[PDB]
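*Asks:* Input: one structure, supplied below.
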Amino acid sequence: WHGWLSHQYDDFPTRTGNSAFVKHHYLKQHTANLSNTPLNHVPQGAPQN
Amino acid sequence: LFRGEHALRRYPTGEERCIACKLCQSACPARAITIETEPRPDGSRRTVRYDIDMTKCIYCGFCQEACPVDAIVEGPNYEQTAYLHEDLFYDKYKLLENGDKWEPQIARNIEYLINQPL
Amino acid sequence: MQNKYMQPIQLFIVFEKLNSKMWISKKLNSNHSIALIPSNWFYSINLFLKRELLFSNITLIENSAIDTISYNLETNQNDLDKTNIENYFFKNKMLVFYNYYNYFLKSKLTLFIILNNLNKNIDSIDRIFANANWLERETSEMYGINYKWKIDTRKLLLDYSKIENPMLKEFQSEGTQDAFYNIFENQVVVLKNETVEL
Amino acid sequence: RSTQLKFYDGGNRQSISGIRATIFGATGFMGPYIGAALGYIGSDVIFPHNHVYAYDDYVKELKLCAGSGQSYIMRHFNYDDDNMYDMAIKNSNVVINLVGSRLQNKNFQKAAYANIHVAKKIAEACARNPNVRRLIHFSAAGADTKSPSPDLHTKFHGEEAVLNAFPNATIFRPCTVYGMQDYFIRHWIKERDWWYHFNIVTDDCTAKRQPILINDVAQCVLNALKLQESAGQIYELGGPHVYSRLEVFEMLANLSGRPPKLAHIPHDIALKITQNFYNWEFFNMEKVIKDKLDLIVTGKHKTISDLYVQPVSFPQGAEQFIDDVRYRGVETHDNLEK
Amino acid sequence: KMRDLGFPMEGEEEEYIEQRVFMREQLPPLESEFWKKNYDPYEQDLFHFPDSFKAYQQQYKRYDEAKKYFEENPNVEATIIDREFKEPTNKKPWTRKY
Amino acid sequence: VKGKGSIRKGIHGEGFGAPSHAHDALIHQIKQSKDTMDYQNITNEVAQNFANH
Amino acid sequence: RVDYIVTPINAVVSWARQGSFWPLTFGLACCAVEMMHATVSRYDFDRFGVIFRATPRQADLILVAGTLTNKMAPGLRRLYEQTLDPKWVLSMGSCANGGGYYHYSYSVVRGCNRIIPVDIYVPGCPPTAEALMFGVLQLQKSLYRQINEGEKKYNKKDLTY
Amino acid sequence: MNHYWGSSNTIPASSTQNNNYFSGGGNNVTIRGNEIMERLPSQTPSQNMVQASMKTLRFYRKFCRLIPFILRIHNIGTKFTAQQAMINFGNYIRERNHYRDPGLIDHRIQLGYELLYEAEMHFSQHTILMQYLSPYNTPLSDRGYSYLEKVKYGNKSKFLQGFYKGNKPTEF
Amino acid sequence: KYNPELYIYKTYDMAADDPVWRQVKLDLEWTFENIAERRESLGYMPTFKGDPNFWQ
Amino acid sequence: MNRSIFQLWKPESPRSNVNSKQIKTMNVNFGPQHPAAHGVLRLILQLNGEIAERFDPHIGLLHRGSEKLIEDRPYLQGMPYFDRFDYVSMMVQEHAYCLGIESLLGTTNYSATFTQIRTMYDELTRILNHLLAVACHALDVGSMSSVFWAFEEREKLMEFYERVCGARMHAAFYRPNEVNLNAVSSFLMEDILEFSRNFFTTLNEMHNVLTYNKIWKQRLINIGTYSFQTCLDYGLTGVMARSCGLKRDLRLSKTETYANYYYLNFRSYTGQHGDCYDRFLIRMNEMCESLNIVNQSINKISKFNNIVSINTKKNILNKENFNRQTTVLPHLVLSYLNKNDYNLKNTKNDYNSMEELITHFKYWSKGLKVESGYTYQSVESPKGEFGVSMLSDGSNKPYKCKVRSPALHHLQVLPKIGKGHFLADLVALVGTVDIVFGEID
Amino acid sequence: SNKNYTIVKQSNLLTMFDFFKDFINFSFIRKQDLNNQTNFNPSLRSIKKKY
Ligand SMILES: CCCCCCCCCCCCCCCCCC(=O)OC[C@H](COP(=O)([O-])OCC(O)COP(=O)([O-])OC[C@@H](COC(=O)CCCCCCCCCCCCCCCCC)OC(=O)CCCCCCCCCCCCCCCCC)OC(=O)CCCCCCCCCCCCCCCCC
Ligand SMILES: CCCCCCCCCCCCCCCCCC(=O)OC[C@H](COP(=O)([O-])OCC[N+](C)(C)C)OC(=O)CCCCCCCCCCCCCCCCC
Ligand SMILES: NC(=O)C1=CN([C@@H]2O[C@H](COP(=O)(O)OP(=O)(O)OC[C@H]3O[C@@H](n4cnc5c(N)ncnc54)[C@H](OP(=O)(O)O)[C@@H]3O)[C@@H](O)[C@H]2O)C=CC1
Ligand SMILES: Nc1ncnc2c1ncn2[C@@H]1O[C@H](COP(=O)(O)OP(=O)(O)O)[C@@H](O)[C@H]1O
Ligand code: SF4
Ligand code: SF4
Ligand code: SF4
């Protein structure tokens, strides 16, 4: 729905029906900005890691 | 055509589309891409370290333009505000996670982009 | 080049003791001409230009310098001809070029001056062309040219309490020192430079 | 175990010093300076803290000690969990402790907790972790079991517990440290500015003081890290000369140009009021108690000369920090330019 | 003098003063001014004056000595100041009590 | 000289004052080296101004 | 205990300081144009109660929007120190974050965080107007929550100590 | 004289007078002038090493005359005494005393005058500009120095001292 | 030089003061009307529709 | 009216107290953190009664070694520095850089010339720059809502930028001897036409509150007046040179035109007074005329006529053809003229042609090889004559690349035109010069 | 009368010093006629190609 709101295209996701978006087996559920949270991006070798 | 957050895509089979040709690294005007590659045990030509410094990178799109297999794509995500400078040192893990999450919209845009020349 | 063009031979006709070396190329505009001018006559030539009838309406559009000492033909070396302007770059320490535009003749005139002395001495023309002040300040600070009889030699676009000529090919883009904040001094300090190599 | 520490001190912030250090209690006055001491040579620094308010400049400026990818801040630290200490010091070969009872605290239980429990848990965690090469606990000069000050009373037990748990621990006993953000020169200036007529004393002002510069303290820490034999010994740090409270007031007044004026309040009534009323930074019982007590370097333990640091004299060191607060009397026209 | 130079001489003309006093550029120096043998500031020649006054004259002996030195030493080595740590000679900062 | 009062013209130039008057070093410097000062030369006038200040 | 009165007053203070969040009128490079775009009607900044103030004394946020040069770093440090507390810092653009396009330059500081404590970073070059709005709103939420992030422990009576 | 160093560029001593009712004077040598410097004409060409040395000596004299004011305004008097700063800048000049090119010497003098003007006008920061005044081998007077290295390597060659110190991080 | 042509601001609308700009406005509106008429006559608009099977 | 010369000027006589500075002048640091200052200007101002006397500008607060970095990097990777130089003429900076590169190569961008992008988008960027300049000038003078009104149109134009290239700012769109024909779309042209039609409303809204306002006229008229001689001496160009009345435009120059401008019938405006009011009027008229230029450019790629039936004498419209949707066809002229090149471009790519793959690999590994030589190519950017002087040594990197920016020359005259003016007239002058320090430094 | 003090020496200054060749320091204020500014009628000189 990000693109639909941004008006990039007029297609929107449709649950349980002919969709305009590919659904691969390796996809992961969308997550909001996880910064300022313990589940944030920690570079490998960083002191936090 | 909007260039947001760098991400790494995969083939529909799940294999990495990125091959260590370093064209994106060479084209990166800001030298924001660091790539180190070693042969995979199966023998594939795949990178072992692919880092993008989001703070050092200018969101130009030369990486995606120079990618010959559409591995690196600047997806539409722009709400990537970070509180710690280390959080902006995007790694291969971060890029692959972003690509997995944003594959639908990225693929939808790529369809139209590829069909435009036709 | 389907235009009406005439060489700026007035300068060399008036200054009878100088030899003429002029060029025009399709790489430039149809009305653009390059010429070689000696440094010891540069000031007098600018004086003549600033108040000659047809050259009266002349504006100094641009001015800069090139470190020709490290200039090398990387490709098509054998294609070089003795008439090319590049032949003068080799073995010459610096090459300062000025570019003016004349309205009466609807022309562009560039003058190239070769500096071979190690100190890079050349007479300034900011007393003739007002806009040349900052241009020459920038050229001197970035390339180390020692302009003479210049209105203002103070730096422009360089940091305070620093001496350097970054645009020289010897200088490295990463610089020689970095500015950090010192808590012991509770203020911004400058220390040696360590950077990232791609 | 081995107390050797191989690190390179010839590099700047972007170099690799070879020190990985965890600094507990770095949100205090001396914490940022101690952290920057290690950070500016390329060392990695961890700052575990549970500070209120989080957005305070004291917490914020800790990130400047080392830089990006070298300084880390561990928020919401739990001081009664051993797992938290283990995580904090997992990858650190140096463990510095500055967690001491604040001058704002009068509760004996809280002071004892801060000065004993946290220090003992840090020492135990360092003992558990075999990679912790060096431990540096910060005690206070004049610590004694008979000391009236609860802070010193608890700090003596804390240093004893640290020595018991980690025999290779190094204990410092700095005297009154002064600096831009100190609690001595800044407190003097702020008290004189808030009263405008006097500084309120509560004793004869005969107590001895031996001030030392925070930069000198940081240099002492660096020298202690460099010296392997400094492990397992107690150091008392102070300035070259000893001054009484009255002499310190006189020196500050002479340097700043402000005429001195000391207003005396009876010690008993001052103590009663401060112990029966709420205490904050500028009004606390610890200051009243320490006014009479002497905080100087004794010969019972190693001195700064052993660390090979030459502290600067107090009159010379403290002059720069009082330039702004200078009496404006009769001055020359040239000086009027400023 | 102002009217000879060309300054405005009327109230309505006062609004174009800058075009006559400041906008006009100054004539560039003659090139002969760049060839003067010496550029030292002018001072009265104190010949025939008392020795006390001559004491204020420019010191030509220093110029002669400098010329002799530079003739004797056309080329010298670059001085290097040792950066090795040395204990301060003036120990007052670390040894003063008051 | 026309319009300059008692000032009179010599062989090599025109003076900056009346015949018997004294020449001014500061005025000579202003005329010859207008706007240019290699260094702040401390003349007797400058030293006396400093002393008065 | 004081907590009974402190906690509701803490919430009120956080709400007020979040609602009134005045940044400093300070722009150095192209990111200033994006800041002005975020100020103007299309994404009305006033909707979230943020109004720019010229003097640092009357500013709550330091928007480091643009490249920082060695010749300017003392100025940025002085502005940050002179800004009245409490305050937060938001770096905007690649140049302000980590040197951006000029990280390999001899004049540009490799990041404003070397001179100032950066509370938040907004990646981009230039960051979009919506990107800056997102960064500002996230900073506002963090600021509101900073007053009480569950530091003090609860005793048997559920009162923090 | 229409120059920043002109005798008329002094700061008046009063709103209605210049330092007296019977005389006119002001200080412009040991403090900055009244009007800012709009233009700094290049040093007139020096045809002799004698002239170059005279220019260097005059510049150093001006720097020595101005150093106390610079120290007072920048609050760096504690770090080093006025004479100490003079001696440090003298060592700096000595390091460059080998120059034998009048044009280069003139350019250096122009740069020195520019930086001195910046120091006068506070264009530079005290920490940034004190690098020229700092002692070459003596500790800063406002800090306590560490003689641990000297004690450890007493009566040992600089080569051995550097060998023990190292010149590369040992982690990598 | 000898027959100067000047643009004079004399009305609220600066376009009206110039005959050319009035024609520019009229041409723009005419183009918009023509496009609208053509699209209305056609009665529908083809569009590109994403198809997930494109990524087999 | 009587004379006031003595009350208006005060000369200085040698060693005279009365003819001297009897006051301690105010040495203020105008900027860098000053709302009037763009943010990286440190102007030491000598005020005496709030009237400027002496200017000492420091402009190094935004120096970044852009030329040094360009020399370090190859040709292609140095292009975005030209976007960074000017925050409101990035398209023109890219156009100048690409013009220089293609002049070195000895070729021209026929694709761009026939698609008309390099002229219509240059005019759109000119509208952007003029809008921002006028808005900032009005804000400095005191008018507030003009900034919002102009920035709405700026947002629309940036939306067009993003639609054509995906970046609302720092487009990095133009490149030498190459054009992204796919991005160019007819619907984009239609939206640009709608924007052009609606832009008259914003122009009139600003003009009503600015042009005829007595306060605005008293603020601008007769402030900063300078003559053609001053323009000539200080090398003023663009709006200031036209305010000088020089009648100097590089777009309509026989030997200096660089795009389709020389074959479009548009008008350039000049004023008989060289003051801020005339400069503002010139900027407004240029904004208005950019609409006409864009309209002509779009019409150059439009198929207005259609097949007419013999029997009915009415248009025969294709029901199932794309041309019925729109009347503007960007690829019309390109396909009509360079059919072979267009077919090769649309048929051969790097995924199926070995030569295309090799060209792409080399292009993105080491920039295109440029024959050694010296060139100077200039464009009429909104702020004046913006030029690039490039010397190439035959490798994939430029040996030297000097940038002649009109902003530096425009800022040079600021002391000259604002000496005797007040502080308000100076904050008006800094806005009227229309300077952005990115290209200055 | 107060202005006459600064007016005294201007005659000799201009007589003995060239106003153009010599660089003499001075300060001035620029005046505008408010009535003319308010009564001014905006106008520009349009330029087109030859016809
Ligand atoms: C209306 C109904 C009708 C009936 C009448 C009822 C009564 C009407 C009264 C009308 C007058 C009201 C005046 C007060 C208004 C409110 C303000 C206030 O309370 O003061 C706080 C306010 C806090 O200071 P601030 O300037 O706001 O702080 C600025 C920054 O915080 C400082 O920033 P900084 O960075 O500089 O920080 C430095 C550090 C401080 O700087 C330092 O580091 C040095 C100081 C540290 C120690 C501080 C200890 C406290 C010192 C008390 C000073 C009192 C002033 C008089 C001193 C006289 C000594 C000879 O700052 C602080 O810690 C701030 C000071 C903390 C004070 C805490 C205690 C305040 C409340 C109790 C005061 C009791 C005083 C009684 C005096 C005698 C009365 C007879 O000012 C004071 O502290 C002075 C108040 C003095 C007047 C008290 C009036 C009430 C008590 C009177 C006696 C009982 C009633 C008798 C009448 C009965 C009739 C029936
Ligand atoms: C509009 C709202 C106005 C609110 C004003 C509140 C005034 C202060 C109220 C104090 C209530 C105390 C209740 C009993 C405490 C029991 C604990 C105890 O041991 O008592 C002694 C307490 C405890 O202090 P202590 O230092 O002796 O001991 C600490 C506690 N032990 C020992 C248990 C660890 O101290 C006092 O004297 C009373 C508390 C003083 C608190 C001072 C800070 C007040 C902060 C107010 C914040 C709200 C501001 C509102 C205005 C904002 C405007 C923008
Ligand atoms: N004058 C001096 O500075 C002297 C200091 N010392 C010693 O040096 C240490 C460092 O100096 P300085 O910075 O001045 O001192 P501070 O009082 O500023 O620092 C003490 C630190 O311990 C933390 N702390 C206090 N109580 C507790 C607690 N109960 N649980 C957890 N953390 C706690 C404080 O954090 P928080 O902000 O969260 O409360 C703070 O970070 C002192 O603590 C003291 O032991 C010795 C002699 C003189
Ligand atoms: N969809 C289109 N795209 C590009 N050019 C077109 C298109 N339709 C028509 N043209 C152009 O129109 C001209 C032919 O006109 P016409 O016969 O009326 O069109 P058509 O036969 O396609 O309906 C040619 O120049 C052709 O390139
Ligand atoms: S957007 Fe440009 S600078 Fe950023 S990673 Fe991609 S190619 Fe590199
Ligand atoms: S991202 Fe693309 S260009 Fe970069 S290494 Fe991978 S395949 Fe090559
Ligand atoms: S990060 Fe990008 S947009 Fe921001 S100042 Fe730097 S170059 Fe400009």
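Identifiers for the structure tokens are assigned positionally: chains receive A, B, ... in sequence, residues are indexed from 1 per chain, and ligands are indexed from 1 in the order shown.
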Could you list the protein, DNA and RNA residues that have any atom within 6 Å of ligand 6, counting only C-alpha atoms and all ligand atoms, and write them as a PDB file with N, CA and C atoms, in the first residue's frame?

*Replies:*
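Below is the file that was written, part28.pdb:
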ATOM      1  N   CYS B  18      22.684 -11.049  -7.064  1.00  0.00           N
ATOM      2  CA  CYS B  18      23.919 -10.277  -7.057  1.00  0.00           C
ATOM      3  C   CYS B  18      25.101 -11.180  -7.383  1.00  0.00           C
ATOM      4  N   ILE B  19      25.864 -10.801  -8.402  1.00  0.00           N
ATOM      5  CA  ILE B  19      27.134 -11.432  -8.733  1.00  0.00           C
ATOM      6  C   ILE B  19      28.229 -10.396  -8.530  1.00  0.00           C
ATOM      7  N   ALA B  20      29.356 -10.835  -7.977  1.00  0.00           N
ATOM      8  CA  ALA B  20      30.390  -9.904  -7.549  1.00  0.00           C
ATOM      9  C   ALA B  20      31.161  -9.346  -8.738  1.00  0.00           C
ATOM     10  N   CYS B  21      30.505  -8.499  -9.530  1.00  0.00           N
ATOM     11  CA  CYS B  21      31.161  -7.820 -10.638  1.00  0.00           C
ATOM     12  C   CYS B  21      31.698  -6.450 -10.252  1.00  0.00           C
ATOM     13  N   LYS B  22      31.222  -5.883  -9.144  1.00  0.00           N
ATOM     14  CA  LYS B  22      31.711  -4.616  -8.606  1.00  0.00           C
ATOM     15  C   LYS B  22      31.469  -3.443  -9.550  1.00  0.00           C
ATOM     16  N   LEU B  23      30.578  -3.607 -10.530  1.00  0.00           N
ATOM     17  CA  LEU B  23      30.209  -2.478 -11.378  1.00  0.00           C
ATOM     18  C   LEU B  23      29.549  -1.378 -10.561  1.00  0.00           C
ATOM     19  N   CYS B  24      28.656  -1.750  -9.644  1.00  0.00           N
ATOM     20  CA  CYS B  24      28.025  -0.754  -8.787  1.00  0.00           C
ATOM     21  C   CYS B  24      29.060  -0.054  -7.916  1.00  0.00           C
ATOM     22  N   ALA B  66      23.804   0.737 -13.084  1.00  0.00           N
ATOM     23  CA  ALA B  66      24.940  -0.064 -13.517  1.00  0.00           C
ATOM     24  C   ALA B  66      24.781  -1.547 -13.214  1.00  0.00           C
ATOM     25  N   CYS B  67      23.834  -1.932 -12.371  1.00  0.00           N
ATOM     26  CA  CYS B  67      23.669  -3.347 -12.058  1.00  0.00           C
ATOM     27  C   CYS B  67      23.193  -4.091 -13.299  1.00  0.00           C
ATOM     28  N   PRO B  68      23.921  -5.105 -13.780  1.00  0.00           N
ATOM     29  CA  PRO B  68      23.492  -5.807 -14.998  1.00  0.00           C
ATOM     30  C   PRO B  68      22.438  -6.876 -14.764  1.00  0.00           C
ATOM     31  N   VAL B  69      22.086  -7.166 -13.513  1.00  0.00           N
ATOM     32  CA  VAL B  69      21.143  -8.235 -13.204  1.00  0.00           C
ATOM     33  C   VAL B  69      20.066  -7.717 -12.259  1.00  0.00           C
ATOM     34  N   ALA B  71      20.313  -6.586  -9.332  1.00  0.00           N
ATOM     35  CA  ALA B  71      20.491  -7.094  -7.976  1.00  0.00           C
ATOM     36  C   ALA B  71      20.279  -5.990  -6.950  1.00  0.00           C
ATOM     37  N   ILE B  72      21.004  -4.884  -7.092  1.00  0.00           N
ATOM     38  CA  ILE B  72      20.860  -3.733  -6.209  1.00  0.00           C
ATOM     39  C   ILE B  72      19.821  -2.799  -6.814  1.00  0.00           C
TER      40      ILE B  72
END

*Asks:* Using only C-alpha atoms and a distance of at most 12 Å, pull out the residues of chain F that contact chain K, as number ranges by chain.

*Replies:* F: 1-5, 7, 14-17, 27-36

*Asks:* From the options D:235, D:72, D:55, D:33, which residue's atoms come nearest to chain A, counting only C-alpha atoms?

*Replies:* D:72

*Asks:* At a cut-off of 12 Å, list the chain H residues touching chain C, using only C-alpha atoms, as a ChimeraX atom specification.

*Replies:* /H:3,37-46,75-76,79,99-132,142-143

*Asks:* Let me see the file: selected residues, C-alpha atoms, as a PDB file, in the first residue's frame.

*Replies:*
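For reference, out.pdb as written:
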ATOM      1  CA  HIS H   3      45.282  51.487   5.205  1.00  0.00           C
ATOM      2  CA  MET H  37      40.622  45.586   6.720  1.00  0.00           C
ATOM      3  CA  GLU H  38      38.874  45.830   3.355  1.00  0.00           C
ATOM      4  CA  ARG H  39      42.021  45.214   1.289  1.00  0.00           C
ATOM      5  CA  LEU H  40      45.575  43.992   1.955  1.00  0.00           C
ATOM      6  CA  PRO H  41      47.795  45.018  -0.979  1.00  0.00           C
ATOM      7  CA  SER H  42      50.538  42.557  -1.819  1.00  0.00           C
ATOM      8  CA  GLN H  43      53.980  43.210  -0.387  1.00  0.00           C
ATOM      9  CA  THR H  44      56.071  45.213  -2.819  1.00  0.00           C
ATOM     10  CA  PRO H  45      58.492  42.885  -4.638  1.00  0.00           C
ATOM     11  CA  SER H  46      61.768  42.219  -2.836  1.00  0.00           C
ATOM     12  CA  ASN H  75      42.225  33.407  26.984  1.00  0.00           C
ATOM     13  CA  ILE H  76      45.353  31.350  26.268  1.00  0.00           C
ATOM     14  CA  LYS H  79      48.884  27.895  28.316  1.00  0.00           C
ATOM     15  CA  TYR H  99      64.505  30.051   2.373  1.00  0.00           C
ATOM     16  CA  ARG H 100      66.488  31.864  -0.321  1.00  0.00           C
ATOM     17  CA  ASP H 101      63.707  32.918  -2.728  1.00  0.00           C
ATOM     18  CA  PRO H 102      62.480  36.536  -2.387  1.00  0.00           C
ATOM     19  CA  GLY H 103      59.142  35.773  -4.047  1.00  0.00           C
ATOM     20  CA  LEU H 104      58.432  32.820  -1.775  1.00  0.00           C
ATOM     21  CA  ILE H 105      59.468  34.891   1.245  1.00  0.00           C
ATOM     22  CA  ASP H 106      57.089  37.675   0.203  1.00  0.00           C
ATOM     23  CA  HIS H 107      54.246  35.179  -0.211  1.00  0.00           C
ATOM     24  CA  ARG H 108      54.993  33.707   3.221  1.00  0.00           C
ATOM     25  CA  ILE H 109      55.022  37.183   4.779  1.00  0.00           C
ATOM     26  CA  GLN H 110      51.663  37.967   3.172  1.00  0.00           C
ATOM     27  CA  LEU H 111      50.222  34.742   4.584  1.00  0.00           C
ATOM     28  CA  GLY H 112      51.658  35.508   8.017  1.00  0.00           C
ATOM     29  CA  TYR H 113      50.148  38.990   8.025  1.00  0.00           C
ATOM     30  CA  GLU H 114      46.794  37.515   7.002  1.00  0.00           C
ATOM     31  CA  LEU H 115      46.858  34.947   9.804  1.00  0.00           C
ATOM     32  CA  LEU H 116      47.941  37.579  12.333  1.00  0.00           C
ATOM     33  CA  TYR H 117      44.985  39.729  11.272  1.00  0.00           C
ATOM     34  CA  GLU H 118      42.695  36.716  11.667  1.00  0.00           C
ATOM     35  CA  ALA H 119      44.035  36.156  15.184  1.00  0.00           C
ATOM     36  CA  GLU H 120      43.457  39.831  15.994  1.00  0.00           C
ATOM     37  CA  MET H 121      39.880  39.765  14.681  1.00  0.00           C
ATOM     38  CA  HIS H 122      38.970  36.367  16.218  1.00  0.00           C
ATOM     39  CA  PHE H 123      38.385  34.841  12.781  1.00  0.00           C
ATOM     40  CA  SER H 124      40.251  31.765  14.058  1.00  0.00           C
ATOM     41  CA  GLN H 125      39.633  29.740  17.203  1.00  0.00           C
ATOM     42  CA  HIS H 126      42.148  29.732  20.039  1.00  0.00           C
ATOM     43  CA  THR H 127      42.667  25.959  19.910  1.00  0.00           C
ATOM     44  CA  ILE H 128      43.137  25.995  16.134  1.00  0.00           C
ATOM     45  CA  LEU H 129      45.561  28.934  16.160  1.00  0.00           C
ATOM     46  CA  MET H 130      47.616  27.949  19.223  1.00  0.00           C
ATOM     47  CA  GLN H 131      49.370  25.243  17.185  1.00  0.00           C
ATOM     48  CA  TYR H 132      51.843  27.887  15.997  1.00  0.00           C
ATOM     49  CA  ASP H 142      48.130  24.647  31.812  1.00  0.00           C
ATOM     50  CA  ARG H 143      48.395  20.838  31.952  1.00  0.00           C
TER      51      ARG H 143
END

*Asks:* Which residues are near ligand 5 in this structure, taking near to mean any atom at most 6 Å from a ligand atom and counting only C-alpha atoms and all ligand atoms? Format them as an MDAnalysis selection string.

*Replies:* chainID B and resid 28:30 32:33 52 57:63

*Asks:* Restrict the distance test to only C-alpha atoms, flag each residue of chain K within 6 Å of chain J, and return the flagged residues as a count of residues only.

*Replies:* 14

*Asks:* At a cut-off of 8 Å around ligand 3, and using only C-alpha atoms and all ligand atoms, what residues come up? Please write them as number ranges by chain.

*Replies:* D: 24-31, 49-52, 79, 97-103, 110-111, 113-115, 118, 138-141, 155, 173-178, 182-184

*Asks:* Can you tell me which residues sit at most 10 Å away from ligand 1, counting only C-alpha atoms and all ligand atoms, written as a list in words?

*Replies:* residues 186, 187, 188, 189, 190, 191, 192, 193, 194, 195, 196, 198, 199, 200, 263, 273, 274, 277, 278, 279, 280, 281, 282, 283 and 284 of chain D

*Asks:* Which residues, written as number ranges by chain, have at least one atom at most 9 Å from region 82-98 of chain G, with only C-alpha atoms counted and residues fewer than 3 positions away on the same chain left out?

*Replies:* B: 53-59, 85; D: 55-57; G: 30-31, 55-68, 77-79, 101-103, 108-113, 116-127, 132, 135-136, 139, 143
